[PDB]
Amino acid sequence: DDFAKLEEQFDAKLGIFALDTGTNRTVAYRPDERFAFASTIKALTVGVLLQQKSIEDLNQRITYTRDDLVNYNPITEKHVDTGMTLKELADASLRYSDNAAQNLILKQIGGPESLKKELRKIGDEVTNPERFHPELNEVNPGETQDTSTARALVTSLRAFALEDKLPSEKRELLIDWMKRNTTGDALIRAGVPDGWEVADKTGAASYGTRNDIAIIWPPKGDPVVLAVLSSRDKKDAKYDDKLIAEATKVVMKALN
């Protein structure tokens, strides 16, 4: 089988779930296996922020300090003195995977326990937000804190972005940010044909954890929701984006 082949080739564990919304056909490979969700959670966190606020509320400007800065603050490190609006923070978080921006949004919604509670409310009993950055990226095998599964991430992403946990105007924002992500070119985007729109959010963590979750639109007809998660068995392992791209191609063939 092709996913086993990719695990073999990249010496890694793959977690895959894809749902063709058109036909309810699915592709599944260790779909219920836990991985550290890493930055992929920022997409769901914006979903909860959008539930909580009106669009016009997203213009509240948040002031933060160097204390709030962590690592990978490409957008937030520029605006310490001016602050950024909640909308701008969501943009940075989703499109640049700006860690401080996610931390600030998380705080506005009540922190990790409040995020968990709202995820439970939308039907996700799997995803387990517990920690802020940086600590959430540090997940040891067998630990369930700050993990989810491919199936649950797909189910929660679909629910915010495509179903009825948000109204259309807010769904449109989420999709637009994710469509215009800067960080995923070598992942799920590299395994879909040009001309098929992709909205995605990437993550990376310890044990070589390398994640992408995505909504993929064919030219015509309903979208595919997909999570490709991976991890390796050594703590300081490196990842290869190419695994995610290759796994994506196998999914697309399995569905077409």
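Throughout, we count residues from 1 along the sequence that is shown.
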Query raised in the report: Looking at the deposited entry, does 154 to 162 or 134 to 142 carry the larger mean Cα B-factor?
Result: 134 to 142
Query raised in the report: Taking only the CA atoms, which stretch has the higher mean B-factor in the record, 46 to 54 or 191 to 199?
Result: 191 to 199
Report summary line: Per the deposited entry, the peak Cα B-factor within the set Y207, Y64, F37, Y29 goes to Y64
Report summary line: When the entry's CA B-factors for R95, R171, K78, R120 are compared, the highest one belongs to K78
Query raised in the report: With respect to C-alpha B-factor, does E113 fall in the lowest, middle or highest third of the chain as deposited?
Result: highest
Report summary line: Binned into thirds over the chain's modelled residues, the C-alpha B-factor of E33 lands in the middle
Query raised in the report: In terms of the chain's CA B-factor thirds, is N59 lowest, middle or highest?
Result: highest
Query - Position of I41 among the chain's modelled residues by C-alpha B-factor, lowest, middle or highest third - result: lowest
Query raised in the report: Looking at the C-alpha B-factor of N181, is it in the lowest, middle or highest third of its chain?
Result: lowest
